[PDB]
Every structure is written in C-alpha cells, then in structure tokens.
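Take a look at this one chain, the form deposited in one PDB entry, written out in structure tokens.
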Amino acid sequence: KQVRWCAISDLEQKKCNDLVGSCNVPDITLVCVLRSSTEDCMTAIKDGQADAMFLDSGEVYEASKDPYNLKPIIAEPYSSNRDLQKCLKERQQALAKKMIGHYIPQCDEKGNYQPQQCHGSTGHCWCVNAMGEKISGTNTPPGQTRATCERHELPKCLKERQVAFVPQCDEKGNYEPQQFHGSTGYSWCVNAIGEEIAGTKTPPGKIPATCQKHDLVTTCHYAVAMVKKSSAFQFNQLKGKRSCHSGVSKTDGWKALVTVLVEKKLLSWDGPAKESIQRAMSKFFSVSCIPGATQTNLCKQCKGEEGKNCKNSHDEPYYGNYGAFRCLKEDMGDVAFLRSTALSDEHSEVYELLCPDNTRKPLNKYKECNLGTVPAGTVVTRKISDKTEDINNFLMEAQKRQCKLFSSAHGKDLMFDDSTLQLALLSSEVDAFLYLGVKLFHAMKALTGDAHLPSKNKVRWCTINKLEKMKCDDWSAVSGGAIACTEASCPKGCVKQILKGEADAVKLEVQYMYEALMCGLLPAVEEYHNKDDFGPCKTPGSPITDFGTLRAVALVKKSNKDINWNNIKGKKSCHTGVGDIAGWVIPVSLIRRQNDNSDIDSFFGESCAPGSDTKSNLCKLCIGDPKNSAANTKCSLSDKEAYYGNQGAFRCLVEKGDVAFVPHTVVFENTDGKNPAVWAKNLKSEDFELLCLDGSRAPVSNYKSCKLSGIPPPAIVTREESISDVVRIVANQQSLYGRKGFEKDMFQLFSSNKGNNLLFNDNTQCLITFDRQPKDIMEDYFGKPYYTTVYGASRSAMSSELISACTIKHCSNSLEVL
C-alpha cells in the first residue's frame, strides 16, 4: 500500500516528488525519504526508514554484507541468444502498456517474428531477423516502396553443419561449448559464435579442457578513461596526474581502474590486509575529485559546498558520470573515469579516450579501448525481502503507465540510469553472488579484502541441516584439523558456498549433478554401494567388479504377457514419484526421445505418479490413505500415499497396474519372503519380468543387460585446485573411520548416533577417488547412455539462475551474426 524510495540528493528528491505528483498507481503510494549520500540511503533501508534504492553493480557486493545486508531484486534485462519466443513476450509486454501509438511486435502463428515489422501509428516498416533486430537500412516511411524482407532465422551453427568437421549444436541451434572432431580425435572450447578460444585444443588420450558456457548479449556498457585531446600523456603516465571519478564505490569510476592498475604493475600496492586501496590511490594521484573518498587529496578538486563537498551525491556537482565529465571539462582533472553512457559525438571534437595499451583512440572505438564491461545497476531492498512485492508492483505499474522514470528535467541519471529501457523482477533466489556471477563476485571479494586464504591441509565440508552439522562437528573434533564444517540449507546452497570460496567439498545426489559439473566443479570421490565386494576398498586400486549403482527398470507381471516396450502407450503405469531418477526421470526422458509428440499427461492412461496434477490421468488409481476419511491425500509426494516410493510403486504392479518404473532392487526387496506383512505375502521374484529396450523380456536377475539405463552414483565435488588435496584428505580420513578403519570405535564415516544417511548414505561401503578419463565431464560422470537419454548430450538442456551466474557474457553489437 506504500513504497518509500530513498533519494541521495536534492535533485533526486525533486524528481521523486515529480513522480509522486504525476505517476498515479492504484493502491500504492510513493514516498521520498531524503538522505545526504548513497551510504546513508543504504543505512536507511537497513533501518527500515526506506524500502528500496538503485545501486551500481560495484556497490552490490559490499551491500550484501554488514552493515547493510541488502539484496538485489529488480534489474534491467539483457537481450541474448537464449531467449525463447521473444516476439510473444515483447508483444504481450507492449499490449500491457497503457498508451496508444506504440510499436506492438507482430508475431506469426508459431511465436516467431514476422520478417516485416510495421509501426501502426507512423506507417514506418522495416525488416527483422529471428531475434527481432532491425536489418540495417530497411526502415521505410509510408508512401515509399517497402524493403522486401527475407527470412533471416537460420543460425550459424546449423549453417555450418550443412556444407559439410561437423559441429554439435543444441535444440535451439546455438554452439555447444565443447567441440569434438570426428576425423582427428581432438577436443577444444568455442565462443558463443563458434570461434575457437586459444589454449584449449587437446590431442586425444589427454584429458580435455573444462569448457565454460557462453551467452551472446547486446547493448553492453564499459568503463572508460576520457582525456582532452590537448593533453599528451598516456596510460602508464597517470601517476601524479589529476583525476576525476564518478564515485569511490562505482565500477566505472574506481574498481575496474584499480584492477587494471594492479594487473599493469602501475599501482604501488601488494594486498588489502595491510593497506587500504584509498591509501595507495592517494599516493598515486596528486589531486582528484573522487566522491565518497576518505583521503583529503582525493577530494581537493571537488566543488561541493561546506558539508556537501565530495559526497556520494548529486549535491556534489562533480558526482556521477556526468559530474566527472564536468570535472574534466572545467580542467579540474586531466583524465575522467566514467561509463560509456555519457559518450556523445558532440564531444568527439575536444575529447578522446585513453586506452590501457598506452594509446589514444576516438570515442567511437570505446568497445576496444576500455577498462572492462560494467553490468547494469539494480534496485535493492532488505535481504529479508519484506517489501519486494510492493516495490515490484509499483515499478511495473509505473512502467505500464509511461511515467517519467528514466529521464528528468532536473538532471541526468537521477533515481535510475537514464540508459534504462525496462526494469524486471529477479528471482527471489538471486543475491549479490548470483547477480554478479562467479568470476565478478570473486573479483569484488578479492578487492574488498575478504579473499579466503586456501589451506591444502583442511577440507571444509558443507552440511544441509542441523543433524548433518552435528555429525560434521563430531567428525571435525575427531579429525585433527583436517575437516571443518559449514552450514547451508540445501545442496544447491552448498554448491554456491563452494563456488564462493566458503566451503570445499560436498556429496551430491545425481539430481544435483548437472548444475555442479556445469559450473566447473569436478567429482573428487564417489560412493560405493556394493555390499558384497570390499575388495576395491581395502586395497585402494584393486579393480572394481561393480559399483553397486542403481539400475532403473520397468517391472511387469508374468500374468500380463502382452505388455512390450513398443506398445506401452495407454497402459496404466506406476511411478515412485515425480522427481525420482528411476521412478520418473529415465522413463519420461526416453519417451520424449522416442515418441516425438512428447506429451506424458496423455501418453498413459490412469497412471499413478505421486506429485502430478490431481485432475490429470497421472493421479488415478492412487489410493490415498486407506483408513483416513478425514483428509484427502491422494497423489502426494509423501508417505501419506499408499503408492509413494519403491514399495508404494511396487504395490501398483500387483494391484491395479500393468508396469512399474523402479530400481531393480524393489523386486528382491518385497518378494521371496523378505517382505512386510500386508500385501506381498505369497508373491515370489519369479512371478515378475522386466521390460528391455528392443521390446522383449527377461527374468528379474538380468538388470545388468535388460535395463532402461544406469544411475550414476552420488559424488563428492570440489574445485579443480582442490581435487588432489580433497582426495588424499579423504583417503587419510577413510583408513581411520571407514568400515575397516583403525579407530572405528571412535567414529564411523558411514553411521551416526545423530541420524541416518548424514553426510553420506548409510549403506555406503567406502569412497573411491574419481578417475578422470580423457573425455567430456558429463559423459564421464553420467555416462554416454544417461547423458544422451536425459540431457540429449547437450549443455543447453537446463537453465537456472546458477548456470546463468556461471556464464560468460560475450558482448557484441548485435545478434545479427546468426
């Protein structure tokens, strides 16, 4: 019902009052809280005196910590080569605007851009490639012959696959990051457009380089150094010069420049633990105006009034990009460090750029004469997110109602970057780390001084609950400084901690694996479950007969002789639950692979898949709670189902089913006398059969050959610089607290008085160092069958915030490169 925005200057508050008066959003009132600087506004938000504010990307990492503890919530979205049905989304967003006479993208039947796009109110038309970009030169006014529009929707990867080394592309048609030559056995990594990145080519037999995912994006902004053409100094002569900066905490004003100076060996400084950055910089420049700085000489050139001088605020006239430009123009500085948004051609007469290659270039080449790419700013609120909903509602309704958000007659870049086109809500999961990405986050961390000092003799294990934490603390007490503990909420959070340099290793089930391997983490060791062969564990290296991995299988009655694999469409199927690998994942994957219509809600009839829609066919014959008429619990992902799990899905094949999808063990777990005492009394393991791929059958004890696929074992993961460490520290720790370890009376790695299946599954036999075969990482852990069947042998089969954070954003002028 009310949203308080924090303004850092008088001009920002004037724009805020303007928007209070003009922008009428129903049921949400706007309020302007005035503070004197950026930091004061952050504090006011932390104190609940205000609700949200805009921040530069560089100010984000320090905002997520004490004494602010803020999180990003609303950012500007970038166009990329990963967007799907972009025309439909853009058309919807345009139709949602409360205005008339604006361009509403025209879509065809299939959700693709019409090659010709017209602006209705003006009569202008133009041509457009698949991603909506205007083909240069095709804008035609009314009354003039329209440019004939071709259909530019063939991607470059598919255009290269034809006329043919044959690359591998994904379902949409982009480049797979890992490329493998079929003629000459080799492996390398490629760009977002197919360019081979140097230093990655690998002859066969050798392990291949770990390739990283690339997204091609447009409209990137950069940090630049600007100098008047009359001056004659270069980059490595900055020492002693007078500088103008946008702000002490901005990326375009401070942080990128510092990273460059350090890499260029120009800044006399070693580490942030013994001397702050501002000291070294104050000794580097003579006099400067760097808003927010605490060194006297770094504020001499500023022109703010008494008390307003050198603040992170427009009250300081030299604050911001345009403030630094004004500082350079009035000759209060020799070089201005700012963003490529303040660039204009009206300035290309007097001003030029100053490249880190000790050369000068005109403004228009800012793409090749810069200090780094600068991500867009973000709206931030309290990490507790008590007001995210209201802020998002107000901002998006103001965008629909065409309020003057990203412009003002009072000044430039007030409240928001004036270069902002549209603001969109981020996932609630996104914090500073997920927003900045792994690389940029680690860079911010190393710059602020929180860089962790790696220990090659201590592994920090991550726990997912308090019971795991208690077992970890027992292990750490009996460990002798080799095992430490960290706390997280879910395995995904542990992977985040590992990538943030706050933890070292963690055991992941296969379901969490695809993301982990996608972010550069490798398997150090794996969980052995073969209850019958302790050979490979007592002498580390003795060959492995079988790993004890689960085998997903389809189990049927010998009574129903007609059910074969090539006719499973329509039969009552049985699933352990929506999410389980053997009970749900493998079958639906193989189905959408072999039957191209790929509809599983209609493929089966009256299946029991606990976890699907209560009204669909996937929740019939699901007897929910036999003796509980006080609650309807049918089709639930809990034991309140009489069909959840291996046992519950086995009840289905004997009751009202024709086929079940379970691990192979279930048949031997509830038959042949070793069964509970209700429904599987006189049932034997001979009365059942398995379904194989070629459409035949076999006895149950053929799960090695008549199998759907193989389930990869749970794996302990860590970073590549810790493998050789973690492995050995595991080995040392396994000869002491394993099953046949020396001090098994002190502690067991595979049992606990605090709970069951903590840290590792209780039926685990031992841990084995993951051998790194010379092939793809996913193909090595998952195995070619599982990989190809579930993920389609692709690195684009999944999209989450974490993979988006492990992504290199390849900047380009446009996606027209096809």
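One rule holds for the numbers: they count along the sequence shown, beginning at 1.
As for the form deposited in another entry, it is not shown, yet the points below apply to it.
When the chain shifts between the shown form and the other one, residue 374 and residue 773 travel together as part of one rigid block.
Note on residue 153 and residue 90: their C-alpha atoms are more widely spaced in the other entry, a change of at least 3 Å from this conformation. In the other entry, the CA atoms of residue 82 and residue 219 sit closer together than in the displayed form, by at least 3 angstroms.
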